[PDB]
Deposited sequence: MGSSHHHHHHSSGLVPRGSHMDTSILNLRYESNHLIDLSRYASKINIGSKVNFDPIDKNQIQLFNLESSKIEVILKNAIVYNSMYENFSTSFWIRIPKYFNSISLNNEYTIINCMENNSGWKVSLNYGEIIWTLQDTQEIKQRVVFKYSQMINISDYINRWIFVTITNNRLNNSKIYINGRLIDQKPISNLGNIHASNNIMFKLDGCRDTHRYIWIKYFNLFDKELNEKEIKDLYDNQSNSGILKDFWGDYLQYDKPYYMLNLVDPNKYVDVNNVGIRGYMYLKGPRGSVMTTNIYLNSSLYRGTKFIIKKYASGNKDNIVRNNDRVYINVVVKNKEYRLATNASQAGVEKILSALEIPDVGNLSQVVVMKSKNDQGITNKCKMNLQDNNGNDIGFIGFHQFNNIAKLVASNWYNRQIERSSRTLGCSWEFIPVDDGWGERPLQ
């Protein structure tokens, strides 16, 4: 059983951002809106008057009620707040308020906020708060799924990545008369360099339930394409820093290249900070990995689930090949960084797998017959957490050391590489 209650379903199709709902509400795109070159559903809004999108709702669907239930969902990527200018500065990003009644999404330092206000200025807020004083954040500068539901008899709820975060009572609000238009735009933000990314805005004419929200979250994640740490499509030929999810305070290094050497995790990462604003683990540490095309016949640059690839490791501005001799005794096969011309018959083919919580990747090493050597993780040998391929992993959650994320340099993180 399924029920459609769509009032606005904003999507890039053909060659245009349009409303796919039967209403086909009219859209105006300002001249300073950016779109991602590969996924044109990703919309970037700057702190500029012309970086905006306005939706004019059909009259039959404007919200003007005491009892009508409604929900919204959208994905958002919010760059790290860098300066004290952001500290006590709530700014609207999605506005459907007219004359101090309606609804809006706003942001503040470490916050996503939903506000409802009735025509007698009775107001309620539901708030998601996330810290910037944290080693590794699930939320800072990463694609987040937002869902907000409204039941006029009881509660408004905000969900993040399909999980309930905050619920507050709204049964005391009366007539909420929202705007005829929805304005996507940074409104009242003092940080001149602030922006957001947004995608897949929806409005629904019901209170969505927990199952509907989960299904919506799973579907829109696009599990067929692997993601980087930030939640963008993972790509071939792109240098990435590595994060192991069970040892997040460690980074990948190599001692020596060639079959006598090995790679290993070491830490701590050390810190990036601006006093009273953020304090996080440094992300741009260790040897970079580059994903290389092997078996995929697709001619775009995206790494798909189950793609069979090679992995290059960058040491001193030179590319080596991640590889192992699977014959070595023990289920754990230690990985080395080989000269590319000299890899010979060593195992190097990696099956890339997306795992669906944040943006998880697995890497299943295979020999040249296509037989499994195993998922790449790590193993303690003496004092040293060496990288290995091990079928022990394949034969077993966030317990295991075989989950990884790939971190490219991104403007919304602000860290400067050490070199």
Completion exercise
Note to self, deposited ranges with zero CA coordinates are 1 to 18, 375 to 377, 418 to 421
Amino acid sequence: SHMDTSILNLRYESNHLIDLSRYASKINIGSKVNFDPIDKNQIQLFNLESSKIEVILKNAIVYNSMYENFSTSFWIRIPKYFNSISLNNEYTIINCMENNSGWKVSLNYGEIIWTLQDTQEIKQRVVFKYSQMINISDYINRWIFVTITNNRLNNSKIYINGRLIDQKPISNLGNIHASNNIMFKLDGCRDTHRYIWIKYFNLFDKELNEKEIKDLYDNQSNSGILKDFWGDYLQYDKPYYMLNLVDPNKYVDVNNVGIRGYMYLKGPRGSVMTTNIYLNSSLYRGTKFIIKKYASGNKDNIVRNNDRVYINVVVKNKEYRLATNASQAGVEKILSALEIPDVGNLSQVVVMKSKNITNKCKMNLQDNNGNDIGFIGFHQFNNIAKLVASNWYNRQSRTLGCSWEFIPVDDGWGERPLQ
From here on, numbers count along this sequence of modelled residues.
Problem - Greater mean Cα temperature factor according to the PDB record, 129 to 137 or 227 to 235 - result: 129 to 137
Problem - Higher-scoring stretch by recorded Cα B factor average, 66 to 74 or 382 to 390 - result: 382 to 390
Completion exercise
Based on the PDB entry, the highest CA temperature factor among the options 99, 147, 280, 312 is that of 99
Completion exercise
Looking only at 108, 95, 156, 220, the Cα with the top B-factor belongs to 220
Completion exercise
Binned into thirds over the chain's modelled residues, the C-alpha B-factor of residue 247 lands in the highest
Practice task
Within this chain's modelled residues, let me know which third the CA B factor of residue 371 belongs to: lowest, middle or highest.
Solution key: highest
Problem - residue 162 by Cα B-factor - lowest, middle or highest third of the modelled chain - result: lowest
Exercise for the section: Determine, from the deposited record, the chain-internal third of the Cα B-factor for residue 411: lowest, middle or highest. Expected result: middle
Practice task
Taking the values exactly as deposited, rank residue 86 by C-alpha B-factor within its chain and report the matching third: lowest, middle or highest.
Solution key: middle
